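**Student:** My questions will all concern the structure given below.
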Amino acid sequence: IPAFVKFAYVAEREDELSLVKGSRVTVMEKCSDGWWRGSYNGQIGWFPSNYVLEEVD
C-alpha cells in the first residue's frame with residue numbers, strides 16, 4: 001500500500017521534493033540519517049512524508 005499526500009509543495013532540488021495537492025505516493029525507506037528516501041508512481045527521490053499518510057503493508 002502507498003501513501004496519501006495532503007498538501008502540495010513546488011520545489012525540486014537535490015534532497016528536495018515537490019508535494020502533490022491530493023494524490024498518492026510511495027513513501028517508505030529506512031536510512032541511518034534523518035533524511036528518508038521515497039518513491040512516487042512516475043518518479044523517485046526524497047520521501048514526501050512531510051505531509052502524507054504512510055501505511056506499512
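**Student:** Quick check: convex hull over the Cα atoms of the chain, volume per residue in Å³, rounded to an integer? List each step's numbers first, then the result.
**Tutor:** Working: hull volume 4.2 nm³, N = 57.
Output value, Cα hull per residue: 74 Å³.
**Student:** In debye, nearest 20, what is the charge dipole magnitude of the chain about its Cα centre with +1 on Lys and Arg Cβ and -1 on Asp and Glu Cβ, if you could check?
**Tutor:** Values: 6 positive and 9 negative charges, 46 e Å.
Dipole magnitude for the chain comes out near 220 debye.
**Student:** Can I ask one more? Once both labels are modelled 7 Å past Cα along the beta-carbon direction, what's the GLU16-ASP33 spacing in nm?
**Tutor:** 1.7
**Student:** Also, quick follow-up: Please name which of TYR9, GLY45, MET28 has its Cα lying farthest along the dipole of the chain towards the positive end, using unit charges on Cβ (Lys, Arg +1; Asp, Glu -1) and the Cα centre as origin.
**Tutor:** Result: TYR9, furthest along the dipole toward the positive end.
**Student:** At most 11 other Cβ atoms within 10 Å plus a DSSP loop assignment makes a site exposed; report the longest stretch of the chain without any exposed GluC sites (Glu not before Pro).
**Tutor:** Values: sites that count: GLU12, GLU14, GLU55.
Between the exposed loop sites, the longest stretch runs 15-54.
**Student:** At most 10 other Cβ atoms within 10 Å plus a DSSP loop assignment makes a site exposed; report the longest stretch of the chain without any exposed trypsin sites (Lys or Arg not before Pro).
**Tutor:** Details: sites that count: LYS21, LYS30.
Result for the longest clean stretch: 31-57.
**Student:** Using a simple spin-label model with points 7 Å from Cα along the Cα→Cβ vector, what separation in nm is obtained for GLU55 and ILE1?
**Tutor:** The two pseudo-label positions are separated by 0.3 nm.
**Student:** OK, next. May I ask for the longest run of the chain untouched by chymotrypsin sites (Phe, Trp or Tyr not before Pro) that are loop-located per DSSP and have at most 15 neighbouring C-beta atoms (other than their own) within 10 Å?
**Tutor:** Looking at the chain, 8-34 is the longest stretch - no exposed chymotrypsin sites (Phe, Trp or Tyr not before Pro) with at most 15 other Cβ atoms within 10 Å.
Readers should treat all values here as calculations from the given coordinates under stated rules, not as data from a laboratory. We place every Cβ from the backbone using ideal geometry, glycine too, and count neighbours over all the protein chains shown.
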